[PDB]
$ cat protein01.pdb   # PDB, C-alpha atoms
ATOM      1  CA  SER A   1     -49.593  78.872  -3.213  1.00  0.00           C
ATOM      2  CA  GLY A   2     -49.169  82.223  -1.472  1.00  0.00           C
ATOM      3  CA  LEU A   3     -47.135  82.156   1.744  1.00  0.00           C
ATOM      4  CA  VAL A   4     -47.298  78.362   2.165  1.00  0.00           C
ATOM      5  CA  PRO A   5     -43.763  77.681   0.810  1.00  0.00           C
ATOM      6  CA  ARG A   6     -42.283  80.494   2.913  1.00  0.00           C
ATOM      7  CA  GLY A   7     -44.031  79.242   6.048  1.00  0.00           C
ATOM      8  CA  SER A   8     -42.758  75.714   5.463  1.00  0.00           C
ATOM      9  CA  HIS A   9     -39.231  77.011   4.838  1.00  0.00           C
ATOM     10  CA  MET A  10     -39.239  79.070   8.047  1.00  0.00           C
ATOM     11  CA  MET A  11     -40.795  76.284  10.129  1.00  0.00           C
ATOM     12  CA  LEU A  12     -38.215  73.797   8.821  1.00  0.00           C
ATOM     13  CA  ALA A  13     -35.382  76.037  10.025  1.00  0.00           C
ATOM     14  CA  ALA A  14     -37.073  76.631  13.389  1.00  0.00           C
ATOM     15  CA  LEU A  15     -37.604  72.909  13.981  1.00  0.00           C
ATOM     16  CA  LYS A  16     -34.026  72.115  12.949  1.00  0.00           C
ATOM     17  CA  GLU A  17     -32.679  74.419  15.667  1.00  0.00           C
ATOM     18  CA  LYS A  18     -35.326  73.208  18.131  1.00  0.00           C
ATOM     19  CA  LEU A  19     -34.330  69.570  17.618  1.00  0.00           C
ATOM     20  CA  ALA A  20     -30.588  70.260  17.874  1.00  0.00           C
ATOM     21  CA  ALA A  21     -31.124  72.107  21.165  1.00  0.00           C
ATOM     22  CA  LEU A  22     -33.157  69.172  22.499  1.00  0.00           C
ATOM     23  CA  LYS A  23     -30.394  66.707  21.595  1.00  0.00           C
ATOM     24  CA  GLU A  24     -27.800  68.746  23.496  1.00  0.00           C
ATOM     25  CA  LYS A  25     -30.107  69.279  26.485  1.00  0.00           C
ATOM     26  CA  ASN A  26     -31.036  65.593  26.682  1.00  0.00           C
ATOM     27  CA  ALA A  27     -27.434  64.401  26.345  1.00  0.00           C
ATOM     28  CA  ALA A  28     -26.367  66.745  29.156  1.00  0.00           C
ATOM     29  CA  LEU A  29     -28.809  64.952  31.467  1.00  0.00           C
ATOM     30  CA  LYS A  30     -26.745  61.775  30.969  1.00  0.00           C
ATOM     31  CA  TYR A  31     -23.837  63.235  32.938  1.00  0.00           C
ATOM     32  CA  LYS A  32     -25.986  64.404  35.857  1.00  0.00           C
ATOM     33  CA  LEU A  33     -27.837  61.075  35.882  1.00  0.00           C
ATOM     34  CA  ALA A  34     -24.636  59.007  35.904  1.00  0.00           C
ATOM     35  CA  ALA A  35     -23.337  61.168  38.758  1.00  0.00           C
ATOM     36  CA  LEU A  36     -26.484  60.399  40.757  1.00  0.00           C
ATOM     37  CA  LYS A  37     -26.115  56.711  39.878  1.00  0.00           C
ATOM     38  CA  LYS A  38     -22.568  56.780  41.249  1.00  0.00           C
ATOM     39  CA  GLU A  39     -23.546  58.677  44.405  1.00  0.00           C
ATOM     40  CA  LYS A  40     -26.776  56.862  45.309  1.00  0.00           C
ATOM     41  CA  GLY A  41     -26.566  53.606  43.347  1.00  0.00           C
ATOM     42  CA  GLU A  42     -28.797  52.465  40.497  1.00  0.00           C
ATOM     43  CA  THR A  43     -32.047  52.825  42.416  1.00  0.00           C
ATOM     44  CA  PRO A  44     -35.413  51.925  40.848  1.00  0.00           C
ATOM     45  CA  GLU A  45     -36.049  55.670  40.494  1.00  0.00           C
ATOM     46  CA  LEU A  46     -32.776  56.403  38.697  1.00  0.00           C
ATOM     47  CA  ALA A  47     -33.222  53.308  36.518  1.00  0.00           C
ATOM     48  CA  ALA A  48     -36.637  54.526  35.353  1.00  0.00           C
ATOM     49  CA  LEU A  49     -35.233  57.984  34.588  1.00  0.00           C
ATOM     50  CA  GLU A  50     -32.450  56.414  32.519  1.00  0.00           C
ATOM     51  CA  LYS A  51     -35.058  54.625  30.403  1.00  0.00           C
ATOM     52  CA  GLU A  52     -36.929  57.910  29.866  1.00  0.00           C
ATOM     53  CA  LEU A  53     -33.718  59.620  28.741  1.00  0.00           C
ATOM     54  CA  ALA A  54     -32.772  56.733  26.444  1.00  0.00           C
ATOM     55  CA  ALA A  55     -36.285  56.672  24.975  1.00  0.00           C
ATOM     56  CA  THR A  56     -36.247  60.439  24.398  1.00  0.00           C
ATOM     57  CA  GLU A  57     -32.833  60.134  22.733  1.00  0.00           C
ATOM     58  CA  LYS A  58     -34.193  57.357  20.510  1.00  0.00           C
ATOM     59  CA  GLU A  59     -37.214  59.414  19.432  1.00  0.00           C
ATOM     60  CA  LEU A  60     -35.164  62.550  18.701  1.00  0.00           C
ATOM     61  CA  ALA A  61     -32.920  60.507  16.405  1.00  0.00           C
ATOM     62  CA  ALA A  62     -35.970  59.190  14.536  1.00  0.00           C
ATOM     63  CA  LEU A  63     -37.606  62.621  14.282  1.00  0.00           C
ATOM     64  CA  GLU A  64     -34.302  63.937  12.931  1.00  0.00           C
ATOM     65  CA  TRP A  65     -34.610  61.491  10.035  1.00  0.00           C
ATOM     66  CA  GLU A  66     -38.168  62.737   9.460  1.00  0.00           C
ATOM     67  CA  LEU A  67     -36.916  66.327   9.470  1.00  0.00           C
ATOM     68  CA  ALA A  68     -34.105  65.425   7.065  1.00  0.00           C
ATOM     69  CA  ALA A  69     -36.605  63.912   4.621  1.00  0.00           C
ATOM     70  CA  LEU A  70     -38.882  66.965   4.848  1.00  0.00           C
ATOM     71  CA  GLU A  71     -35.937  69.286   4.173  1.00  0.00           C
ATOM     72  CA  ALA A  72     -35.157  67.330   0.993  1.00  0.00           C
ATOM     73  CA  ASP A  73     -38.780  67.573  -0.174  1.00  0.00           C
ATOM     74  CA  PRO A  74     -39.273  70.362  -2.757  1.00  0.00           C
ATOM     75  CA  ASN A  75     -42.835  70.817  -1.428  1.00  0.00           C
ATOM     76  CA  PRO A  76     -42.973  69.521   2.152  1.00  0.00           C
ATOM     77  CA  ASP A  77     -46.352  68.781   3.685  1.00  0.00           C
ATOM     78  CA  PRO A  78     -47.310  71.610   6.091  1.00  0.00           C
ATOM     79  CA  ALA A  79     -49.325  69.076   8.108  1.00  0.00           C
ATOM     80  CA  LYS A  80     -46.194  66.990   8.696  1.00  0.00           C
ATOM     81  CA  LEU A  81     -44.293  70.088   9.837  1.00  0.00           C
ATOM     82  CA  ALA A  82     -47.074  71.063  12.251  1.00  0.00           C
ATOM     83  CA  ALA A  83     -47.252  67.542  13.691  1.00  0.00           C
ATOM     84  CA  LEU A  84     -43.464  67.493  14.059  1.00  0.00           C
ATOM     85  CA  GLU A  85     -43.534  70.820  15.912  1.00  0.00           C
ATOM     86  CA  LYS A  86     -46.082  69.384  18.355  1.00  0.00           C
ATOM     87  CA  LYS A  87     -43.937  66.310  19.072  1.00  0.00           C
ATOM     88  CA  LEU A  88     -40.832  68.423  19.695  1.00  0.00           C
ATOM     89  CA  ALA A  89     -42.864  70.733  21.946  1.00  0.00           C
ATOM     90  CA  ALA A  90     -43.943  67.765  24.079  1.00  0.00           C
ATOM     91  CA  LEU A  91     -40.384  66.401  24.178  1.00  0.00           C
ATOM     92  CA  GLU A  92     -39.224  69.849  25.294  1.00  0.00           C
ATOM     93  CA  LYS A  93     -41.687  69.714  28.197  1.00  0.00           C
ATOM     94  CA  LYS A  94     -40.598  66.203  29.206  1.00  0.00           C
ATOM     95  CA  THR A  95     -36.927  67.200  29.037  1.00  0.00           C
ATOM     96  CA  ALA A  96     -37.519  70.346  31.103  1.00  0.00           C
ATOM     97  CA  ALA A  97     -39.308  68.301  33.770  1.00  0.00           C
ATOM     98  CA  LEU A  98     -36.581  65.647  33.837  1.00  0.00           C
ATOM     99  CA  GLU A  99     -33.951  68.373  34.255  1.00  0.00           C
ATOM    100  CA  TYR A 100     -35.734  69.865  37.278  1.00  0.00           C
ATOM    101  CA  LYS A 101     -36.369  66.378  38.687  1.00  0.00           C
ATOM    102  CA  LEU A 102     -32.687  65.415  38.466  1.00  0.00           C
ATOM    103  CA  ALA A 103     -31.688  68.670  40.175  1.00  0.00           C
ATOM    104  CA  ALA A 104     -34.087  67.852  43.032  1.00  0.00           C
ATOM    105  CA  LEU A 105     -32.419  64.471  43.659  1.00  0.00           C
TER     106      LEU A 105
END
$ encode --input "protein01.pdb" --output "structure tokens"
Amino acid sequence: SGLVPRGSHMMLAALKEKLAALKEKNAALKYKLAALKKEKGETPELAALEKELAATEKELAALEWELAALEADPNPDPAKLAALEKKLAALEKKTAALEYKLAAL
């Protein structure tokens, strides 16, 4: 099997920390968003951003279950780990853009 088990073990740990950092970063945008909702009202723009945040929070919770099941697998599928890394990478980019967009409002 070579370095396949070691690569899966290292990628599992990297994705676990990546996901936990995304959960904290996305939850912190709730407080800034609610502050903007209080200051400006629940505008159509702020309402749409709240749905994005809620949807991102919902997906991170589901991907966390997927990561939990892969961590319990004695031989996790490297293809599932690679696909999970790609999803988290895209969620990182959406969260970074939402953070800059909330700071600009």
$ resolve_selection --input "protein01.pdb" --expression "the PyMOL selection byres ((chain A and resi 96) around 12)" --output "compact mmCIF listing (two decimals) with C-alpha atoms, keeping the file's coordinate frame"
# COMPACT_ATOMS: atom_id res chain seq x y z
CA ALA A 21 -31.12 72.11 21.16
CA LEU A 22 -33.16 69.17 22.50
CA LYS A 25 -30.11 69.28 26.48
CA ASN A 26 -31.04 65.59 26.68
CA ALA A 28 -26.37 66.74 29.16
CA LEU A 29 -28.81 64.95 31.47
CA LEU A 53 -33.72 59.62 28.74
CA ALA A 89 -42.86 70.73 21.95
CA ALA A 90 -43.94 67.76 24.08
CA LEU A 91 -40.38 66.40 24.18
CA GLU A 92 -39.22 69.85 25.29
CA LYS A 93 -41.69 69.71 28.20
CA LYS A 94 -40.60 66.20 29.21
CA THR A 95 -36.93 67.20 29.04
CA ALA A 97 -39.31 68.30 33.77
CA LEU A 98 -36.58 65.65 33.84
CA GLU A 99 -33.95 68.37 34.26
CA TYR A 100 -35.73 69.86 37.28
CA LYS A 101 -36.37 66.38 38.69
CA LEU A 102 -32.69 65.42 38.47
CA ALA A 103 -31.69 68.67 40.17
$ residues_near_point --input "protein01.pdb" --point "(-41.5, 68.9, 16.1)" --cutoff "10 Å" --atoms "only C-alpha atoms" --output "JSON, numbers by chain"
{"A": [11, 12, 14, 15, 16, 18, 19, 60, 63, 64, 66, 67, 80, 81, 82, 83, 84, 85, 86, 87, 88, 89, 90, 91, 92]}
$ atom_distance --input "protein01.pdb" --atom1 "atom CA of residue A:34" --atom2 "atom CA of residue A:49"
10.7 Å
$ atom_distance --input "protein01.pdb" --atom1 "atom CA of residue A:76" --atom2 "atom CA of residue A:58"
23.7 Å
$ atom_distance --input "protein01.pdb" --atom1 "atom CA of residue A:41" --atom2 "atom CA of residue A:27"
20.2 Å
